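S.K.: Shown below is the structure under consideration.
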Ligand SMILES: CNC(=O)c1nc(NS(=O)(=O)c2cc(Br)cc(Cl)c2O)cn1C1CCCC1
């Protein structure tokens, strides 16, 4: 079992935090908030680095380019913005969605951005020009998550409509639909690209072989019936699953046995987002508006 212990609490956001993400080079943590701001923090000591501003309404998600030089943010103002992290300047505003943008990601190559929106569509965008390349009629309800696989050739999307879908990046064609149908609040590809991890608002995480349409594992015991809470694979030490929870705790499961191996206590509101450091056994966690803080935790395995 891991032994994550609190090392830093990071205050500064003035509304609920929505997303935390470590930069791929391990140096930074980015946070987004309903307060319309992105904040950059040192990944190792939690020292505040800078505030990035420009969105007109709150932000649901942020994501890093693979070279850690760009961020993209998804906002209720119906746009995404591409930011140069070093200068804090908005490089591009991605316009096209007709309602709130809820989720976003770069592909590994980082020449594309994928977004999902309340408008039920998935859009694929050219990073260099900011132009929308494809609009996928992906779902019949808000899109809660979008993620590229390890080589960028596939996209997975989830939605409140109860579906997960796998898309061919180049053609935009839907290659697979996984379908009771509780709302899907989060999905991402596994590190080895063969599985997807999906959160449903039945307080359950499920590890699916999407090619076979078989559910290999389920992770339960946490509380998730309302919010789109990020889940993570922890790949630096022991193989874990990490998720926030609506009972204010961080949950950590053994990937193989599905046993809860740790619960991290300290937040005073829903833990809406967690993130796992790329090389060290470090977790970042973030909570809603009774709390508004980010916590950094460290384990020996
Ligand atoms: C000894 N290996 C396994 O037990 C195993 N690895 C995977 N691959 S994975 O999900 O992508 C993955 C997850 C984590 Br957390 C870290 C890494 Cl590095 C990684 O590759 C799946 N499993 C089993 C088979 C179904 C569930 C457990």
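Note that chain A carries Swiss-Prot numbering, so the residues on display, from first to last, are 32-210, 213-334.
How was it done? The header gives X-ray crystallography, 1.6 Å.
Keep in mind that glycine also has a Cβ here, set from the backbone N, Cα and C atoms.
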S.K.: Say a student had to find the SUMO2 cross-link annotation in Swiss-Prot: which of 46, 159, 245, 325 would be the correct pick?
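M.R.: Going through 46, 159, 245, 325 one by one, Swiss-Prot annotates 46 as SUMO2 cross-link.
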S.K.: Of the residues 112, 207, 296, which is given the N6-acetyllysine tag by Swiss-Prot?
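M.R.: Swiss-Prot records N6-acetyllysine at 112.
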S.K.: Looking only at the repeat 'WD 7' (299-333), how are its residues distributed among DSSP helix, strand and coil?
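M.R.: Summed over the repeat 'WD 7' (299-333), the classes give 0 helix, 17 strand, 18 coil.
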S.K.: Do any residues, 6 or more residues outside the repeat 'WD 1' (43-82), come within under 8 Å Cβ-to-Cβ of it, and if so which ones?
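M.R.: Distal contacts: 88-99, 102, 104, 106, 114, 116, 119, 263, 302, 305-313, 315, 317-322, 325-327, 329.
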S.K.: At a 10 A cut-off on CB-CB distances, which of the recorded positions 46, 112 has the highest count?
M.R.: 112
S.K.: Looking only at C-alpha atoms, tell me how far residue 107 (site 'Important for interaction with histone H3') is from residue 133 (site 'Important for interaction with histone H3'), rounded to the nearest Å.
M.R.: 7
S.K.: In sequence order, which same-chain residues at least six apart have a C-beta under 8 angstroms from residue 322 (site 'Important for interaction with histone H3')?
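M.R.: Those within reach of residue 322 (site 'Important for interaction with histone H3'), by Cβ under 8 Å and sequence separation of 6 or more, are 46, 47, 65, 302.
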S.K.: Rounded to a whole angstrom, what is the C-alpha distance between residue 263 (site 'Important for interaction with histone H3') and residue 133 (site 'Important for interaction with histone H3')?
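M.R.: Distance between the two Cα atoms comes out at 12 Å.
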